[PDB]
Structures are given as C-alpha cells and as structure tokens.
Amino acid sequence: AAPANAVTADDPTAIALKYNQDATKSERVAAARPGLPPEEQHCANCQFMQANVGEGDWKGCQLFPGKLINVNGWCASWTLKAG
C-alpha cells in the first residue's frame, strides 16, 4: 500500500518522465540514460533520491516536491548518485 503522497500514474510529471514505482515495469532500457547500464538503474542509486525524506522503501525525489517515490522505481531523469 503506497503512502498517501506517493507519485501516481496520472501525475503529469510522472507521465512525462515515465516514472514507475517498479523499475522492472519501466522503460529504462529504451531510454539508455548514461552512467550505468539500464538494467542497473533505479531510484535508490539516483542523485535525486532524498535519503532523509520518507521512510523505508518510500523516499523523497527532488523532482517530485511533496511526493514520495519507491526506492525500487525508475524514471527517465535517472542520474547516477554521485554525491
């Protein structure tokens, strides 16, 4: 059961970025974003995930203010967590 503030499927930004809560049901391969092979990409290893926001598997994403994403999710703004 997703948190009340989870990013949802008719969120316009989620649609535009092709977010999914489950990276295995994402188009990460098609996008081929740089920094890791696409099968290795998900929110937990993304620069925009906010480790100090949320709880458990439901964490912040800077691009989705006021929302939570799933650490196992993905979107097309995936960028390696570098610092």
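Numbers for residues come from their place in the sequence shown, where the first is 1.
- Placement of the Cα temperature factor of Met49 within the chain: middle third of the modelled residues, per the deposited record.
- Compared with the other modelled residues of the chain, the Cα B-factor recorded for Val71 ranks in the middle third.
- Sorting the modelled residues of the chain by their CA temperature factor places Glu27 in the middle third.
- Placement of the Cα temperature factor of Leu80 within the chain: lowest third of the modelled residues, per the deposited record.
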